[PDB]
Protein chains: 2
Amino acid sequence: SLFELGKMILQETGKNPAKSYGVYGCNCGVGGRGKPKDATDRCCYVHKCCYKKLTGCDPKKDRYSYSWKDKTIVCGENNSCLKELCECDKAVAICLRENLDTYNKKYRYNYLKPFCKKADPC
Amino acid sequence: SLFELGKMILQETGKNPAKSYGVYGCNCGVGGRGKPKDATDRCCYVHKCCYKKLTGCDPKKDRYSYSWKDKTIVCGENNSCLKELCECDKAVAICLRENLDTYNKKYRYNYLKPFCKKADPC
């Protein structure tokens, strides 16, 4: 669920997740997908495409189990959808951390999201 | 849609809407309803109750038209459902404005939202 997703992003990036990524670019946070602004935005693009493939559980609402072991996100066994979901969320949290070096505040609050250029099919 | 809602909140409160209300309390922004933390939170509680009356349109994704007349939100044209939706969004924007005097930053990023006490029926 959003809680786990938000938590993972905090753990990996050290950043307030909603503040840094809630309305970032054309792909991070609220809304759908669009042509990526930068590498951070591309992380979120991939993440939303990941959510699209999921069947059997609800990515926004469904809780899943994971642990913090040797400062690594370790997805619990869960079930097929929940584990795929956990891995979707882990991957984007990792991606966002790896692109903190080009994170740009000028994209942080993009209220022009509805008018982003259309994204390519996943 | 979220865009119109965000814009109304900006117009009434003068605040960055996602920043101030995206994760506030147990009712504002993401997630469902919960026992309200304060008057601001109760504004969002009422808003989400208002949404349940809607039949025919999608509050997160469906666009509607409104205008800014004599510094007032004026819901335009719109079918029966979109009219109601617009009026729901207008009501919460006004309410948030009216309760700026007790807005509390400590509730602003409430990542304990999944653990809010259960909301009473609307």
# chains A, B, ... in the order shown; residues from 1 in each chain; ligands from 1

$ residues_around --residues "residue 19 of chain B" --least-positions-apart "3" --cutoff "7 Å" --atoms "only C-alpha atoms" --output "PDB file with N, CA and C atoms, in the first residue's frame"
ATOM      1  N   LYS A  19       6.499  14.958   0.356  1.00  0.00           N
ATOM      2  CA  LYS A  19       7.053  16.270   0.047  1.00  0.00           C
ATOM      3  C   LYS A  19       7.931  16.222  -1.209  1.00  0.00           C
TER       4      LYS A  19
ATOM      5  N   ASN B  16       0.143  26.247  -0.999  1.00  0.00           N
ATOM      6  CA  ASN B  16       0.485  25.059  -1.775  1.00  0.00           C
ATOM      7  C   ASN B  16      -0.382  23.902  -1.298  1.00  0.00           C
ATOM      8  N   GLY B  22      -2.021  17.447   1.495  1.00  0.00           N
ATOM      9  CA  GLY B  22      -1.863  16.153   0.851  1.00  0.00           C
ATOM     10  C   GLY B  22      -1.825  14.960   1.792  1.00  0.00           C
TER      11      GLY B  22
END

$ residues_around --residues "residue 76 of chain A" --least-positions-apart "3" --cutoff "7 Å" --atoms "only C-alpha atoms" --output "number ranges by chain"
A: 65-66, 83

$ write_last_selection --atoms "N, CA, C and O atoms" --output "short mmCIF file (atom, residue, chain, number, x, y, z; two decimals), in the first residue's frame"
data_model
loop_
_atom_site.label_atom_id
_atom_site.label_comp_id
_atom_site.auth_asym_id
_atom_site.auth_seq_id
_atom_site.Cartn_x
_atom_site.Cartn_y
_atom_site.Cartn_z
N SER A 65 3.97 -7.49 3.77
CA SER A 65 5.01 -7.62 4.77
C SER A 65 6.39 -7.48 4.16
O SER A 65 6.69 -8.08 3.12
N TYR A 66 7.24 -6.70 4.80
CA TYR A 66 8.64 -6.64 4.41
C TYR A 66 9.47 -6.26 5.61
O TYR A 66 8.93 -5.80 6.62
N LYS A 83 3.82 -9.92 -3.42
CA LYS A 83 5.28 -9.96 -3.53
C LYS A 83 5.75 -9.16 -4.74
O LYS A 83 6.74 -8.43 -4.65
#

$ closest_atom_pairs --of "chain B" --to "chain A" --cutoff "12 Å" --atoms "only C-alpha atoms" --output "JSON lines"
{"residue": "B:1", "atom": "CA", "partner": "A:114", "partner_atom": "CA", "distance": 9.9}
{"residue": "B:2", "atom": "CA", "partner": "A:31", "partner_atom": "CA", "distance": 8.3}
{"residue": "B:3", "atom": "CA", "partner": "A:111", "partner_atom": "CA", "distance": 7.3}
{"residue": "B:4", "atom": "CA", "partner": "A:111", "partner_atom": "CA", "distance": 10.3}
{"residue": "B:5", "atom": "CA", "partner": "A:111", "partner_atom": "CA", "distance": 11.2}
{"residue": "B:6", "atom": "CA", "partner": "A:111", "partner_atom": "CA", "distance": 8.3}
{"residue": "B:7", "atom": "CA", "partner": "A:111", "partner_atom": "CA", "distance": 8.7}
{"residue": "B:10", "atom": "CA", "partner": "A:111", "partner_atom": "CA", "distance": 11.0}
{"residue": "B:16", "atom": "CA", "partner": "A:109", "partner_atom": "CA", "distance": 8.6}
{"residue": "B:17", "atom": "CA", "partner": "A:111", "partner_atom": "CA", "distance": 9.7}
{"residue": "B:18", "atom": "CA", "partner": "A:23", "partner_atom": "CA", "distance": 7.6}
{"residue": "B:19", "atom": "CA", "partner": "A:19", "partner_atom": "CA", "distance": 6.5}
{"residue": "B:20", "atom": "CA", "partner": "A:19", "partner_atom": "CA", "distance": 9.7}
{"residue": "B:21", "atom": "CA", "partner": "A:18", "partner_atom": "CA", "distance": 10.8}
{"residue": "B:22", "atom": "CA", "partner": "A:18", "partner_atom": "CA", "distance": 7.8}
{"residue": "B:23", "atom": "CA", "partner": "A:18", "partner_atom": "CA", "distance": 7.6}
{"residue": "B:24", "atom": "CA", "partner": "A:18", "partner_atom": "CA", "distance": 10.9}
{"residue": "B:29", "atom": "CA", "partner": "A:30", "partner_atom": "CA", "distance": 10.4}
{"residue": "B:30", "atom": "CA", "partner": "A:2", "partner_atom": "CA", "distance": 8.5}
{"residue": "B:31", "atom": "CA", "partner": "A:61", "partner_atom": "CA", "distance": 8.2}
{"residue": "B:32", "atom": "CA", "partner": "A:61", "partner_atom": "CA", "distance": 9.9}
{"residue": "B:60", "atom": "CA", "partner": "A:31", "partner_atom": "CA", "distance": 8.6}
{"residue": "B:61", "atom": "CA", "partner": "A:31", "partner_atom": "CA", "distance": 8.2}
{"residue": "B:62", "atom": "CA", "partner": "A:114", "partner_atom": "CA", "distance": 11.3}
{"residue": "B:63", "atom": "CA", "partner": "A:114", "partner_atom": "CA", "distance": 10.1}
{"residue": "B:108", "atom": "CA", "partner": "A:19", "partner_atom": "CA", "distance": 10.3}
{"residue": "B:109", "atom": "CA", "partner": "A:18", "partner_atom": "CA", "distance": 7.9}
{"residue": "B:110", "atom": "CA", "partner": "A:18", "partner_atom": "CA", "distance": 10.2}
{"residue": "B:111", "atom": "CA", "partner": "A:3", "partner_atom": "CA", "distance": 7.1}
{"residue": "B:112", "atom": "CA", "partner": "A:3", "partner_atom": "CA", "distance": 8.5}
{"residue": "B:113", "atom": "CA", "partner": "A:3", "partner_atom": "CA", "distance": 8.3}
{"residue": "B:114", "atom": "CA", "partner": "A:3", "partner_atom": "CA", "distance": 7.3}
{"residue": "B:115", "atom": "CA", "partner": "A:3", "partner_atom": "CA", "distance": 10.3}

$ write_last_selection --atoms "N, CA, C and O atoms" --output "CSV table (one decimal), in the first residue's frame"
chain,number,residue,atom,x,y,z
B,1,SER,N,-11.8,17.0,-11.0
B,1,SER,CA,-10.6,16.2,-10.8
B,1,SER,C,-9.7,16.8,-9.7
B,1,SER,O,-9.9,17.9,-9.3
B,2,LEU,N,-8.6,16.0,-9.4
B,2,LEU,CA,-7.6,16.5,-8.4
B,2,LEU,C,-7.0,17.9,-8.8
B,2,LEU,O,-6.7,18.7,-8.0
B,3,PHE,N,-6.9,18.1,-10.1
B,3,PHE,CA,-6.4,19.4,-10.6
B,3,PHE,C,-7.3,20.6,-10.2
B,3,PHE,O,-6.8,21.6,-9.7
B,4,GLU,N,-8.6,20.4,-10.4
B,4,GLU,CA,-9.6,21.5,-10.1
B,4,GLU,C,-9.6,21.6,-8.6
B,4,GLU,O,-9.6,22.8,-8.1
B,5,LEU,N,-9.6,20.5,-7.8
B,5,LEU,CA,-9.6,20.6,-6.4
B,5,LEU,C,-8.4,21.3,-5.8
B,5,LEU,O,-8.5,22.2,-5.0
B,6,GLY,N,-7.2,21.0,-6.4
B,6,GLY,CA,-6.0,21.6,-6.0
B,6,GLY,C,-6.0,23.1,-6.2
B,6,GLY,O,-5.6,23.9,-5.4
B,7,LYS,N,-6.5,23.5,-7.4
B,7,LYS,CA,-6.6,24.9,-7.8
B,7,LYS,C,-7.5,25.7,-6.9
B,7,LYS,O,-7.2,26.8,-6.4
B,10,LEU,N,-5.8,26.3,-3.6
B,10,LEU,CA,-4.9,27.4,-3.7
B,10,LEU,C,-5.6,28.7,-3.7
B,10,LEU,O,-5.2,29.7,-3.0
B,16,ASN,N,0.1,26.2,-1.0
B,16,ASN,CA,0.5,25.1,-1.8
B,16,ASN,C,-0.4,23.9,-1.3
B,16,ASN,O,-0.2,23.4,-0.2
B,17,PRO,N,-1.3,23.5,-2.1
B,17,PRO,CA,-2.4,22.5,-1.7
B,17,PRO,C,-1.8,21.1,-1.3
B,17,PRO,O,-2.2,20.6,-0.3
B,18,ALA,N,-1.0,20.6,-2.2
B,18,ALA,CA,-0.4,19.2,-1.9
B,18,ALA,C,0.5,19.3,-0.7
B,18,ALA,O,0.5,18.4,0.1
B,19,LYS,N,1.2,20.4,-0.5
B,19,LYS,CA,2.1,20.5,0.6
B,19,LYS,C,1.3,20.6,1.9
B,19,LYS,O,1.7,19.9,2.9
B,20,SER,N,0.3,21.4,1.9
B,20,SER,CA,-0.4,21.7,3.2
B,20,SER,C,-1.5,20.6,3.5
B,20,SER,O,-1.8,20.4,4.7
B,21,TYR,N,-2.0,20.0,2.5
B,21,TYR,CA,-3.2,19.2,2.7
B,21,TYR,C,-3.1,17.8,2.1
B,21,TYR,O,-4.1,17.0,2.3
B,22,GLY,N,-2.0,17.4,1.5
B,22,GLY,CA,-1.9,16.2,0.9
B,22,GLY,C,-1.8,15.0,1.8
B,22,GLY,O,-2.2,13.9,1.4
B,23,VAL,N,-1.3,15.2,3.0
B,23,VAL,CA,-1.2,14.1,4.0
B,23,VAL,C,-1.6,14.5,5.4
B,23,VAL,O,-1.3,13.9,6.4
B,24,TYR,N,-2.4,15.6,5.5
B,24,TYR,CA,-2.8,16.2,6.7
B,24,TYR,C,-3.8,15.4,7.5
B,24,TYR,O,-4.9,15.0,7.0
B,29,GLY,N,-6.3,14.5,1.9
B,29,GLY,CA,-5.4,13.9,1.0
B,29,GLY,C,-5.6,12.4,0.8
B,29,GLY,O,-6.7,11.9,0.8
B,30,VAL,N,-4.5,11.7,0.7
B,30,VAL,CA,-4.5,10.3,0.4
B,30,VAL,C,-5.2,9.5,1.5
B,30,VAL,O,-5.2,9.9,2.7
B,31,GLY,N,-5.7,8.3,1.1
B,31,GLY,CA,-6.4,7.4,2.1
B,31,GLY,C,-7.9,7.7,2.2
B,31,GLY,O,-8.5,8.4,1.4
B,32,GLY,N,-8.4,7.1,3.3
B,32,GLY,CA,-9.9,7.2,3.5
B,32,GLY,C,-10.1,8.2,4.6
B,32,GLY,O,-9.4,9.2,4.8
B,60,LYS,N,-11.6,11.7,-8.9
B,60,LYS,CA,-10.2,11.9,-9.0
B,60,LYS,C,-9.7,12.2,-10.4
B,60,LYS,O,-8.8,13.0,-10.6
B,61,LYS,N,-10.4,11.7,-11.4
B,61,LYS,CA,-10.0,11.9,-12.8
B,61,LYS,C,-10.9,12.7,-13.7
B,61,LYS,O,-10.4,13.3,-14.7
B,62,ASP,N,-12.2,12.9,-13.3
B,62,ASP,CA,-13.1,13.6,-14.1
B,62,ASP,C,-13.0,15.1,-14.0
B,62,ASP,O,-13.1,15.7,-12.9
B,63,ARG,N,-12.7,15.8,-15.1
B,63,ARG,CA,-12.6,17.2,-15.2
B,63,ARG,C,-14.0,17.9,-15.2
B,63,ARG,O,-14.9,17.3,-15.6
B,108,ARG,N,0.6,17.9,9.5
B,108,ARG,CA,0.8,18.1,8.0
B,108,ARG,C,1.2,16.8,7.3
B,108,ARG,O,0.6,16.5,6.3
B,109,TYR,N,2.2,16.2,7.8
B,109,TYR,CA,2.6,14.9,7.3
B,109,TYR,C,2.3,13.7,8.2
B,109,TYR,O,3.2,13.2,8.9
B,110,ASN,N,1.0,13.3,8.2
B,110,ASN,CA,0.6,12.2,9.0
B,110,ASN,C,0.7,10.9,8.4
B,110,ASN,O,-0.2,10.4,7.8
B,111,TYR,N,1.9,10.3,8.5
B,111,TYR,CA,2.1,8.9,7.9
B,111,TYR,C,1.5,7.8,8.8
B,111,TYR,O,1.7,6.7,8.5
B,112,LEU,N,0.9,8.2,9.9
B,112,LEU,CA,0.2,7.3,10.8
B,112,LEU,C,-1.3,7.1,10.3
B,112,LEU,O,-2.1,6.5,11.0
B,113,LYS,N,-1.6,7.7,9.2
B,113,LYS,CA,-3.0,7.6,8.6
B,113,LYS,C,-3.6,6.2,8.6
B,113,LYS,O,-4.8,6.0,8.9
B,114,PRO,N,-2.8,5.1,8.2
B,114,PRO,CA,-3.4,3.8,8.3
B,114,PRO,C,-3.9,3.4,9.7
B,114,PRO,O,-4.5,2.3,9.8
B,115,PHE,N,-3.4,4.1,10.7
B,115,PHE,CA,-3.7,3.7,12.1
B,115,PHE,C,-4.6,4.7,12.8
B,115,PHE,O,-4.8,4.6,14.0

$ select_by_dssp --residues "chain B" --states "alpha helix (DSSP H)" --output "VMD selection string"
chain B and resid 2 to 13 17 to 21 39 to 52 80 to 98

$ residues_around --residues "residue 48 of chain B" --least-positions-apart "4" --cutoff "12 Å" --atoms "only C-alpha atoms" --output "PDB file with N, CA and C atoms, in the first residue's frame"
ATOM      1  N   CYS B  26      -6.109  12.746   9.639  1.00  0.00           N
ATOM      2  CA  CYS B  26      -6.638  11.437   9.291  1.00  0.00           C
ATOM      3  C   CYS B  26      -7.564  11.452   8.079  1.00  0.00           C
ATOM      4  N   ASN B  27      -7.823  12.630   7.511  1.00  0.00           N
ATOM      5  CA  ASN B  27      -8.827  12.734   6.451  1.00  0.00           C
ATOM      6  C   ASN B  27      -8.407  13.484   5.196  1.00  0.00           C
ATOM      7  N   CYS B  28      -7.392  14.338   5.303  1.00  0.00           N
ATOM      8  CA  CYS B  28      -7.000  15.154   4.152  1.00  0.00           C
ATOM      9  C   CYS B  28      -6.035  14.422   3.246  1.00  0.00           C
ATOM     10  N   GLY B  29      -6.301  14.497   1.949  1.00  0.00           N
ATOM     11  CA  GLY B  29      -5.427  13.903   0.960  1.00  0.00           C
ATOM     12  C   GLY B  29      -5.619  12.411   0.795  1.00  0.00           C
ATOM     13  N   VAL B  30      -4.499  11.705   0.697  1.00  0.00           N
ATOM     14  CA  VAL B  30      -4.502  10.279   0.405  1.00  0.00           C
ATOM     15  C   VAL B  30      -5.190   9.476   1.503  1.00  0.00           C
ATOM     16  N   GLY B  31      -5.745   8.328   1.127  1.00  0.00           N
ATOM     17  CA  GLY B  31      -6.365   7.433   2.084  1.00  0.00           C
ATOM     18  C   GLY B  31      -7.856   7.664   2.221  1.00  0.00           C
ATOM     19  N   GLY B  32      -8.445   7.088   3.262  1.00  0.00           N
ATOM     20  CA  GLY B  32      -9.870   7.230   3.510  1.00  0.00           C
ATOM     21  C   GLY B  32     -10.146   8.229   4.620  1.00  0.00           C
ATOM     22  N   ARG B  33     -11.207   7.987   5.387  1.00  0.00           N
ATOM     23  CA  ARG B  33     -11.541   8.848   6.512  1.00  0.00           C
ATOM     24  C   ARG B  33     -11.052   8.237   7.818  1.00  0.00           C
ATOM     25  N   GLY B  34     -11.011   9.051   8.865  1.00  0.00           N
ATOM     26  CA  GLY B  34     -10.661   8.582  10.194  1.00  0.00           C
ATOM     27  C   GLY B  34     -11.139   9.611  11.196  1.00  0.00           C
ATOM     28  N   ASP B  41      -9.018  18.985   9.603  1.00  0.00           N
ATOM     29  CA  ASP B  41      -9.188  17.575   9.293  1.00  0.00           C
ATOM     30  C   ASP B  41     -10.664  17.262   9.058  1.00  0.00           C
ATOM     31  N   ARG B  42     -11.531  17.895   9.841  1.00  0.00           N
ATOM     32  CA  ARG B  42     -12.960  17.654   9.718  1.00  0.00           C
ATOM     33  C   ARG B  42     -13.495  18.189   8.384  1.00  0.00           C
ATOM     34  N   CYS B  43     -12.901  19.270   7.876  1.00  0.00           N
ATOM     35  CA  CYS B  43     -13.237  19.757   6.536  1.00  0.00           C
ATOM     36  C   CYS B  43     -13.087  18.634   5.512  1.00  0.00           C
ATOM     37  N   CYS B  44     -11.978  17.904   5.605  1.00  0.00           N
ATOM     38  CA  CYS B  44     -11.664  16.833   4.665  1.00  0.00           C
ATOM     39  C   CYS B  44     -12.523  15.597   4.879  1.00  0.00           C
ATOM     40  N   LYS B  52     -19.276  10.489  -1.464  1.00  0.00           N
ATOM     41  CA  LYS B  52     -19.985   9.212  -1.500  1.00  0.00           C
ATOM     42  C   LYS B  52     -21.378   9.350  -2.107  1.00  0.00           C
ATOM     43  N   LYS B  53     -21.915  10.566  -2.082  1.00  0.00           N
ATOM     44  CA  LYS B  53     -23.221  10.845  -2.670  1.00  0.00           C
ATOM     45  C   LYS B  53     -23.183  10.806  -4.201  1.00  0.00           C
ATOM     46  N   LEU B  54     -21.978  10.835  -4.764  1.00  0.00           N
ATOM     47  CA  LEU B  54     -21.812  10.964  -6.210  1.00  0.00           C
ATOM     48  C   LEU B  54     -22.141   9.686  -6.966  1.00  0.00           C
ATOM     49  N   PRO B  59     -14.432  11.341  -9.171  1.00  0.00           N
ATOM     50  CA  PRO B  59     -13.894  12.541  -8.516  1.00  0.00           C
ATOM     51  C   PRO B  59     -12.385  12.754  -8.684  1.00  0.00           C
ATOM     52  N   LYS B  60     -11.610  11.691  -8.865  1.00  0.00           N
ATOM     53  CA  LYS B  60     -10.165  11.852  -8.977  1.00  0.00           C
ATOM     54  C   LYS B  60      -9.734  12.228 -10.387  1.00  0.00           C
ATOM     55  N   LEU B  85     -19.994  17.351  -7.784  1.00  0.00           N
ATOM     56  CA  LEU B  85     -18.563  17.179  -7.541  1.00  0.00           C
ATOM     57  C   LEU B  85     -17.870  18.524  -7.365  1.00  0.00           C
ATOM     58  N   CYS B  88     -18.763  19.936  -4.089  1.00  0.00           N
ATOM     59  CA  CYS B  88     -18.020  19.266  -3.015  1.00  0.00           C
ATOM     60  C   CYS B  88     -16.639  19.894  -2.862  1.00  0.00           C
ATOM     61  N   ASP B  89     -15.954  20.069  -3.983  1.00  0.00           N
ATOM     62  CA  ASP B  89     -14.600  20.606  -3.965  1.00  0.00           C
ATOM     63  C   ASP B  89     -14.583  22.054  -3.497  1.00  0.00           C
ATOM     64  N   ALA B  91     -16.731  23.425  -1.490  1.00  0.00           N
ATOM     65  CA  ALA B  91     -17.048  23.446  -0.065  1.00  0.00           C
ATOM     66  C   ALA B  91     -15.811  23.156   0.786  1.00  0.00           C
ATOM     67  N   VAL B  92     -14.981  22.215   0.353  1.00  0.00           N
ATOM     68  CA  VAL B  92     -13.823  21.867   1.172  1.00  0.00           C
ATOM     69  C   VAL B  92     -12.769  22.969   1.089  1.00  0.00           C
ATOM     70  N   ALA B 119     -13.421   5.845  11.276  1.00  0.00           N
ATOM     71  CA  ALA B 119     -14.384   6.926  11.114  1.00  0.00           C
ATOM     72  C   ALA B 119     -15.808   6.426  11.323  1.00  0.00           C
ATOM     73  N   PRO B 121     -19.888   6.431  10.459  1.00  0.00           N
ATOM     74  CA  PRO B 121     -20.563   6.535   9.159  1.00  0.00           C
ATOM     75  C   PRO B 121     -20.928   7.977   8.827  1.00  0.00           C
ATOM     76  N   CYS B 122     -20.981   8.295   7.540  1.00  0.00           N
ATOM     77  CA  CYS B 122     -21.273   9.651   7.096  1.00  0.00           C
ATOM     78  C   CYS B 122     -22.722  10.034   7.364  1.00  0.00           C
TER      79      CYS B 122
END

$ select_by_dssp --residues "chain B" --states "strand (DSSP E)" --output "NGL selection string"
:B and (66-69 or 72-75)

$ write_last_selection --atoms "N, CA, C and O atoms" --output "PDB file, in the first residue's frame"
ATOM      1  N   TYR B  66     -15.217  25.420 -13.836  1.00  0.00           N
ATOM      2  CA  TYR B  66     -15.697  26.436 -12.917  1.00  0.00           C
ATOM      3  C   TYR B  66     -14.977  27.728 -13.248  1.00  0.00           C
ATOM      4  O   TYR B  66     -14.029  27.729 -14.040  1.00  0.00           O
ATOM      5  N   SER B  67     -15.426  28.828 -12.655  1.00  0.00           N
ATOM      6  CA  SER B  67     -14.764  30.106 -12.871  1.00  0.00           C
ATOM      7  C   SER B  67     -14.540  30.863 -11.569  1.00  0.00           C
ATOM      8  O   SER B  67     -15.042  30.485 -10.507  1.00  0.00           O
ATOM      9  N   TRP B  68     -13.765  31.931 -11.682  1.00  0.00           N
ATOM     10  CA  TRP B  68     -13.398  32.806 -10.574  1.00  0.00           C
ATOM     11  C   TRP B  68     -14.115  34.130 -10.815  1.00  0.00           C
ATOM     12  O   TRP B  68     -13.723  34.896 -11.699  1.00  0.00           O
ATOM     13  N   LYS B  69     -15.202  34.366 -10.081  1.00  0.00           N
ATOM     14  CA  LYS B  69     -16.001  35.579 -10.239  1.00  0.00           C
ATOM     15  C   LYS B  69     -16.108  36.309  -8.911  1.00  0.00           C
ATOM     16  O   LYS B  69     -16.560  35.723  -7.925  1.00  0.00           O
ATOM     17  N   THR B  72     -14.767  34.529  -6.022  1.00  0.00           N
ATOM     18  CA  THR B  72     -15.616  33.440  -5.584  1.00  0.00           C
ATOM     19  C   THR B  72     -15.501  32.301  -6.585  1.00  0.00           C
ATOM     20  O   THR B  72     -15.474  32.528  -7.803  1.00  0.00           O
ATOM     21  N   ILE B  73     -15.429  31.077  -6.075  1.00  0.00           N
ATOM     22  CA  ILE B  73     -15.503  29.901  -6.928  1.00  0.00           C
ATOM     23  C   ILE B  73     -16.929  29.747  -7.439  1.00  0.00           C
ATOM     24  O   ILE B  73     -17.865  29.634  -6.651  1.00  0.00           O
ATOM     25  N   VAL B  74     -17.105  29.754  -8.754  1.00  0.00           N
ATOM     26  CA  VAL B  74     -18.441  29.599  -9.311  1.00  0.00           C
ATOM     27  C   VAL B  74     -18.522  28.370 -10.213  1.00  0.00           C
ATOM     28  O   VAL B  74     -17.973  28.357 -11.309  1.00  0.00           O
ATOM     29  N   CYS B  75     -19.209  27.333  -9.743  1.00  0.00           N
ATOM     30  CA  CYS B  75     -19.313  26.092 -10.503  1.00  0.00           C
ATOM     31  C   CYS B  75     -20.110  26.318 -11.784  1.00  0.00           C
ATOM     32  O   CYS B  75     -21.223  26.848 -11.755  1.00  0.00           O
TER      33      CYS B  75
END

$ atom_distance --atom1 "atom CA of residue 51 of chain B" --atom2 "atom CA of residue 120 of chain B"
15.4 Å

$ atom_distance --atom1 "atom CA of residue 15 of chain B" --atom2 "atom CA of residue 105 of chain A"
17.5 Å

$ atom_distance --atom1 "atom CA of residue 81 of chain A" --atom2 "atom CA of residue 55 of chain A"
6.2 Å

$ residues_around --residues "segment 95-103 of chain B" --least-positions-apart "6" --cutoff "7 Å" --atoms "only C-alpha atoms" --output "ChimeraX atom specification"
/B:12-13,39-40,43

$ decode --residues "segment 102-113 of chain A" --atoms "N, CA, C and O atoms" --output "PDB file, in the first residue's frame"
ATOM      1  N   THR A 102      20.603  14.072  -9.115  1.00  0.00           N
ATOM      2  CA  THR A 102      20.038  15.003 -10.095  1.00  0.00           C
ATOM      3  C   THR A 102      18.622  15.455  -9.747  1.00  0.00           C
ATOM      4  O   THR A 102      17.970  16.129 -10.553  1.00  0.00           O
ATOM      5  N   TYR A 103      18.151  15.091  -8.556  1.00  0.00           N
ATOM      6  CA  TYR A 103      16.859  15.575  -8.062  1.00  0.00           C
ATOM      7  C   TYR A 103      16.785  17.100  -8.185  1.00  0.00           C
ATOM      8  O   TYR A 103      17.708  17.807  -7.774  1.00  0.00           O
ATOM      9  N   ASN A 104      15.695  17.609  -8.755  1.00  0.00           N
ATOM     10  CA  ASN A 104      15.573  19.054  -8.959  1.00  0.00           C
ATOM     11  C   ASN A 104      14.262  19.613  -8.407  1.00  0.00           C
ATOM     12  O   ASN A 104      13.184  19.219  -8.839  1.00  0.00           O
ATOM     13  N   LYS A 105      14.368  20.542  -7.460  1.00  0.00           N
ATOM     14  CA  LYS A 105      13.201  21.130  -6.803  1.00  0.00           C
ATOM     15  C   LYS A 105      12.242  21.835  -7.764  1.00  0.00           C
ATOM     16  O   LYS A 105      11.066  22.033  -7.444  1.00  0.00           O
ATOM     17  N   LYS A 106      12.730  22.211  -8.942  1.00  0.00           N
ATOM     18  CA  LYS A 106      11.872  22.902  -9.899  1.00  0.00           C
ATOM     19  C   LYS A 106      10.807  21.966 -10.472  1.00  0.00           C
ATOM     20  O   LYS A 106       9.860  22.418 -11.118  1.00  0.00           O
ATOM     21  N   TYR A 107      10.952  20.667 -10.223  1.00  0.00           N
ATOM     22  CA  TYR A 107       9.947  19.696 -10.652  1.00  0.00           C
ATOM     23  C   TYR A 107       9.083  19.219  -9.492  1.00  0.00           C
ATOM     24  O   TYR A 107       8.109  18.504  -9.706  1.00  0.00           O
ATOM     25  N   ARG A 108       9.443  19.616  -8.276  1.00  0.00           N
ATOM     26  CA  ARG A 108       8.860  19.033  -7.066  1.00  0.00           C
ATOM     27  C   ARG A 108       7.345  19.194  -6.999  1.00  0.00           C
ATOM     28  O   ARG A 108       6.620  18.251  -6.666  1.00  0.00           O
ATOM     29  N   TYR A 109       6.867  20.389  -7.313  1.00  0.00           N
ATOM     30  CA  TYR A 109       5.436  20.641  -7.299  1.00  0.00           C
ATOM     31  C   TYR A 109       4.942  20.954  -8.702  1.00  0.00           C
ATOM     32  O   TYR A 109       4.732  22.117  -9.052  1.00  0.00           O
ATOM     33  N   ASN A 110       4.768  19.910  -9.504  1.00  0.00           N
ATOM     34  CA  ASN A 110       4.301  20.086 -10.868  1.00  0.00           C
ATOM     35  C   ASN A 110       2.785  19.996 -10.954  1.00  0.00           C
ATOM     36  O   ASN A 110       2.229  18.933 -11.216  1.00  0.00           O
ATOM     37  N   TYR A 111       2.116  21.122 -10.748  1.00  0.00           N
ATOM     38  CA  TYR A 111       0.666  21.137 -10.852  1.00  0.00           C
ATOM     39  C   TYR A 111       0.210  21.202 -12.305  1.00  0.00           C
ATOM     40  O   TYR A 111      -0.983  21.286 -12.585  1.00  0.00           O
ATOM     41  N   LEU A 112       1.161  21.147 -13.229  1.00  0.00           N
ATOM     42  CA  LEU A 112       0.825  21.062 -14.644  1.00  0.00           C
ATOM     43  C   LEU A 112       0.820  19.612 -15.137  1.00  0.00           C
ATOM     44  O   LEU A 112       0.805  19.367 -16.346  1.00  0.00           O
ATOM     45  N   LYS A 113       0.828  18.660 -14.203  1.00  0.00           N
ATOM     46  CA  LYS A 113       0.773  17.229 -14.542  1.00  0.00           C
ATOM     47  C   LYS A 113      -0.288  16.841 -15.593  1.00  0.00           C
ATOM     48  O   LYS A 113       0.021  16.075 -16.509  1.00  0.00           O
TER      49      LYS A 113
END
